[PDB]
Visitor: 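Dropping the structure in here first, questions after.
Hydrogens, waters and symmetry mates play no part in the numbers below; they use all other heavy atoms, side chains included. When a residue number appears, it is its place in the shown sequence, counting from 1.
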Amino acid sequence: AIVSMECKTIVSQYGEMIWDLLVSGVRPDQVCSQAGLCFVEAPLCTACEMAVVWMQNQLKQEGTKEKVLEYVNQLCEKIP
């Protein structure tokens, strides 16, 4: 009852905000460093970071956001 409600509150009241933050919190340079392509100047570093910026932009898309929130919400409903 309680945790499920709290999960649903997160999605309904905070879900877009949280997703926005998840998306905006991604750091192309950090992600590209973990991929071994940037350092904490090579051409693949720059291309990787461009690719991550574009990944983040895909994640902002309405369809993607709505799919993610709906996925989470369906899981909230599975909390006993």
Side-chain angles (χ1 to χ4, degrees):
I2 209 263
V3 169
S4 185
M5 279 177 221
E6 285 290 270
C7 190
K8 285 180 206 159
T9 296
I10 287 295
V11 180
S12 66
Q13 294 200 42
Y14 297 92
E16 290 200 344
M17 180 165 167
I18 296 166
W19 175 245
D20 285 0
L21 292 161
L22 182 165
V23 178
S24 286
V26 24
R27 289 159 304 214
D29 64 345
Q30 215 58 61
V31 172
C32 289
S33 286
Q34 297 173 103
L37 302 176
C38 292
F39 161 58
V40 172
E41 260 177 14
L44 293 168
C45 173
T46 310
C48 182
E49 279 170 340
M50 275 167 15
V52 176
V53 168
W54 285 333
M55 296 173 181
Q56 286 171 280
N57 202 66
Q58 207 288 132
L59 289 189
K60 290 176 219 151
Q61 298 302 310
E62 263 317 296
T64 297
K65 167 205 316 215
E66 299 169 14
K67 181 155 153 68
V68 171
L69 301 182
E70 182 48 44
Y71 181 82
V72 174
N73 199 50
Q74 293 283 36
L75 285 157
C76 297
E77 297 172 356
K78 289 183 171 73
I79 300 169

Visitor: Give me the atom names and distance for the closest heavy-atom approach of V72 to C7.
Guide: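 It is O-SG, 4.5 Å.
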Visitor: Between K65 and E62, is there a side-chain N and carboxylate O pair less than 4.0 Å apart?
Guide: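 So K65 pairs with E62 through a salt bridge.
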Visitor: Provide the closest heavy-atom pair for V40 versus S33 in the form atom of the first, atom of the second, distance.
Guide: N-OG, 3.3 Å
Visitor: Does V26 offer a backbone N or O that forms a donor-acceptor pair with the side chain of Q56 under 3.5 Å?
Guide: yes
Visitor: Determine whether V31 and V23 fall in the same hydrophobic cluster, where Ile, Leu, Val, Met, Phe, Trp and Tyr are linked whenever their side-chain heavy atoms lie under 4.5 Å apart.
Guide: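 Result: no, two separate clusters.
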Visitor: How would you list, by chain and number, every residue that makes a side-chain hydrogen bond (donor to acceptor under 3.5 Å, both in side chains) with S24, sequence neighbours excluded?
Guide: none
Visitor: Establish, from distance only, whether the side-chain atoms of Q34 and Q30 form a donor-acceptor pair under 3.5 Å.
Guide: no
Visitor: To the nearest 0.5 Å, how far apart are OG1 in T46 and CG in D29?
Guide: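 With rounding to 0.5 Å, OG1 (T46) is 11.5 Å from CG (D29).
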Visitor: Restricting to side-chain hydrogen bond (donor to acceptor under 3.5 Å, both in side chains), what partner residues turn up for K60, sequence neighbours left out?
Guide: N57
Visitor: Report whether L22 and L69 are members of the same hydrophobic cluster (ILVMFWY, side-chain heavy atoms less than 4.5 Å apart, transitive linking).
Guide: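 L22 and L69: one cluster.
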Visitor: For the CE atom of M5 and the CD1 atom of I10, what is their distance to the nearest 0.5 Å?
Guide: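 If I round to the nearest 0.5 Å, the distance is 14.5 Å.
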Visitor: So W19 and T64, do their side chains get closer than 4.5 Å, heavy atoms only?
Guide: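 Counting from C-beta outward, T64 and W19 do come under 4.5 Å.
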Visitor: If you apply the rule disulfide bond (SG atoms under 2.5 Å apart), what do you find for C45 with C38, and how did you get there?
Guide: CA-CA 5 Å; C45 173; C38 292; 2.1 Å; yes
Visitor: Please give me the minimum heavy-atom distance between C76 and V11, naming the atom from each residue.
Guide: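 Shortest heavy-atom contact: SG-CG2, 3.8 Å.
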Visitor: Does the side chain of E77 come under 3.5 Å of the side chain of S4 through a donor N or O and an acceptor N or O?
Guide: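 There is no such pair (donor and acceptor under 3.5 Å, judged by atom type) between the side chains of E77 and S4.
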